[PDB]
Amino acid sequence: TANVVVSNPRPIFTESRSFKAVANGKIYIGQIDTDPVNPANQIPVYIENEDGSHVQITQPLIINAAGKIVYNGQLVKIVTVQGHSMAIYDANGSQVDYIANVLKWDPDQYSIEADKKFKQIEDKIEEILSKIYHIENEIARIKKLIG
């Protein structure tokens, strides 16, 4: 069937040397392959509201005691451009993680499978166009004979 796994989409952020939340930690979000702590490298981040509206907020993003992103005391869904770097720091200012391009961590790879398939159809379209131009040329020849 088309059935798919039940999952838990809201991310949690945990430390790298012990099993603990990054409580009162900070997340920076930047251009791919840059240092997002530098404001010059930061990109727009937005709360995506329940109704679908978007509100831009400042960086860093704040991680609560549960390891979840919060704004004004509430859980929030933060969105940005698929391709971005991310740096995570704990309340001590120690770096927990750095990801140069979050898009390069996809375990699901149905993008590239599709790109092959698109390239294949384009090849059939080229051959079809070649047949058409040949037919056009046959017609031109006929017209000349009879005219």
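Residue numbers here begin at 1 and follow the sequence given.
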Checklist entry - Per the PDB record, is the mean Cα temperature factor higher over 123-131 or over 17-25? => result 123-131
Next on the checklist: If you average the CA temperature factors as listed in the entry, which stretch comes out higher, 96-104 or 113-121?
Outcome noted: 113-121
Checklist entry - So among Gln31, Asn38, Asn64, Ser53, who wins on Cα B-factor in the entry? => result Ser53
Checklist entry - In terms of the chain's CA B-factor thirds, is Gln59 lowest, middle or highest? => result middle
Next on the checklist: For the chain shown, is the CA B-factor of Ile69 in the lowest, middle or highest third of its modelled residues?
Outcome noted: lowest
Next on the checklist: Going by the CA temperature factor in the PDB record, which third of the chain does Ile88 belong to: lowest, middle or highest?
Outcome noted: lowest
Next on the checklist: Please say which third, lowest, middle or highest, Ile78 falls into when its CA temperature factor is compared across its chain.
Outcome noted: lowest
